[PDB]
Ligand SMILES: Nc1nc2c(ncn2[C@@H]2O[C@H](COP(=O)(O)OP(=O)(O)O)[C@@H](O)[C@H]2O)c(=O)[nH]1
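First, one chain by itself: the form solved without this ligand, in structure tokens.
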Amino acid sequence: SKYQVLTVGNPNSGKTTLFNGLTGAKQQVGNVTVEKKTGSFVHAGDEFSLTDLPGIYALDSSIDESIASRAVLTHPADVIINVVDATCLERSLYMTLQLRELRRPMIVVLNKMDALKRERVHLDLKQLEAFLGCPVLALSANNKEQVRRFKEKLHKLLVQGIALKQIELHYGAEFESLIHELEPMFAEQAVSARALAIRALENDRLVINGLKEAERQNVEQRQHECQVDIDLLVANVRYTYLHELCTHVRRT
């Protein structure tokens, strides 16, 4: 078998560190002047082809952010590996939530967790898994032993298929109804139509430009409809969720 993997996360999350740990020395060529970094390894007969997305804080349409946002929607991947810095979860997991809305196979890799044990803060990864609805693993991206064990675990997961349960993240009645009017427009695409509709409601360039004139005017009309500023409602919903989540999964 061949498996294709994307590594994604915030700058200095350690996604580059994990990328490097898993690949050793391997290739580099462009996405445009922006450089595209690719590497491989072999484990248990199977080959692994990895692409590293530039570091981003959010999937917004800013050229590095553009590339990454494009790539999580359209680039082939058997799995997305979201590397997360554990020492600032409220910020890090924002993108995680966006990634979960896509409903593409993914894993969340919690980095920097020995830094967190300093503070005498522990995380319940069982519950965090229950919240996110994807695999969550603890892994220091900078020790090669744990990265190597991670190779076997990744191989396992890819082999049996990654079980995911859809993230229960609700935007309130008015926004849900707007999402609902628009999903058909985005049905039977390579990604969840709900995420595409959310992207469109956010006036995402990437999604919106794929549309014909009529349906563009339908999206823009739904934007106009919404009483609350959208970018702000999406943030309150999301950061409220991470506060909920963080208050369940943390203990000092």
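We number the residues from 1 along the sequence you see. So that the term is clear: the rigid core is the largest set of C-alpha atoms that superpose within 1.5 Å between two forms.
Heads up, the form solved in complex with this ligand isn't pictured, but that's what we're talking about next.
- Taking non-hydrogen atoms only, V121 never approaches this ligand to within 4.5 angstroms in the deposited bound form.
- In the deposited bound form, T240 stays away from this ligand, with no heavy atom inside 4.5 Å.
- This ligand in the deposited bound form comes within 4.5 Å of a heavy atom belonging to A115.
- This ligand in the deposited bound form comes within 4.5 Å of no heavy atom belonging to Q98.
- Note on the interface: of 165-173, 178-186, 141-149, 71-79, the segment with non-hydrogen atoms within 4.5 angstroms of this ligand in the deposited bound form is 141-149.
- A movement of the C-alpha atom of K26 reaching 2 angstroms or beyond is seen between this form and the one not shown when the two forms are aligned on their rigid core.
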